[PDB]
Each structure stands twice: as C-alpha cells, then as structure tokens.
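Coming up is one lone chain in structure tokens, specifically the form deposited in one PDB entry.
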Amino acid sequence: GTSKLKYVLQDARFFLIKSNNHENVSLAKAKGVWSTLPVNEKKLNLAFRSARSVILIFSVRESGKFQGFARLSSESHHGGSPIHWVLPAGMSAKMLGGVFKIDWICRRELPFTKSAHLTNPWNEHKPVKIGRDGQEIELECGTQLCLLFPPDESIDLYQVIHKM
C-alpha cells in the first residue's frame, strides 16, 4: 500500500540530489549515508531542523532517471568511518562537509519521461527533473514525484516512522 509512504511524506521538505556517477549512489544505498559540499550541507542541516521529514530524491547525471529517494535521519557529522566516494579529478575528500545518515524509502528507479507533467515552482516552473544539486522541490510537486516511483516492497516504513 501507499498509506505509510504518504504519512512519511506529510509536511516534508524535498531536495533534488544530482550525483556525478552511479557508484556514489550505490555506496549511498548500501551504507545509508550521503555527503555534499558545504553550501548544500548548510541548507540540508537547516531543513532537517525545520520539518518532520527531509527527503532527498537522487538522480545520476546523464542517466535520464531518478534512482530513488531517502529521508535524512541526522544532521551532518564528521569523524566517522570514511567513505570511498568517487571524487572529481581535482578534488579531495577534505572539500566535503560532514556525512548525513539517511534511511532509504525507495531504491527503485523512475524515468524522467514519467515525471514530465510535474513542474517545480521553486525552479521557475521547469520540469522537476531540471535543477542544480540541492534544488528544493515544492511540497506538492515533491509528494507527487515520490508517489510516481514503483513501490519498493523490500522496505518496511514502520522503522522510518518511529524516528519521526
């Protein structure tokens, strides 16, 4: 069913996360973590304190799809187990902010062709697939986008609900 999913998404905030490569999304799906550059780190920490649920919707650049979505379970923190992210050639792990813990809500893909009817008022009413990494997605658009994903029957949202 979709009822527990709708409960988790009620009054949530939503952010578009754009990844350079599938390997980092796979790492995030396996380890339940994400890390971003400091400008987006500050935005996500502010959002985590502001709303009952903060949802990250992931898309790998050039894939034509979203790869799933997850809920922040923590603000960012430093000093944990290091994460072997794939970095751009000139970059170092020291440029990153902290690590956010995340709980996956759906690890299934959604092609952009299925979201063409959804536009984001916070990005000039452009199709929701369009946006820089960290772009906030307005509540109604974000809720409908998450509801378009195929159900992920491997995930039990009972555990997600207890952290709220």
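Only residues modelled in both forms are compared. From 1 onward, residues are counted along the sequence shown. Each form is matched to the other, and the largest set of C-alpha atoms that superpose within 1.5 Å is called the rigid core.
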property: Selected stretch [higher average CA B-factor]: 67 to 75 or 83 to 91; result: 83 to 91
property: Between the two ranges 134 to 142 and 35 to 43, the one averaging a larger CA B factor in the entry; result: 35 to 43
property: Residue, from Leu56, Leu96, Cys106, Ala28, that the PDB entry assigns the highest Cα B-factor; result: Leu96
property: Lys6, C-alpha B-factor rank within chain (lowest, middle or highest third); result: lowest
property: Chain third (lowest, middle, highest) by recorded CA B-factor, residue given as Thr113; result: highest
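This next part talks about the form deposited in another entry, which is not shown.
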item: Core-superposed comparison between the shown form and the other one, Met91 Cα displacement 2 Å or beyond; value: yes
item: Shifted regions of at least three residues between the shown form and the other one, judged by C-alpha displacement of 2 Å or more after core alignment; value: 79 to 82, 89 to 91, 95 to 97
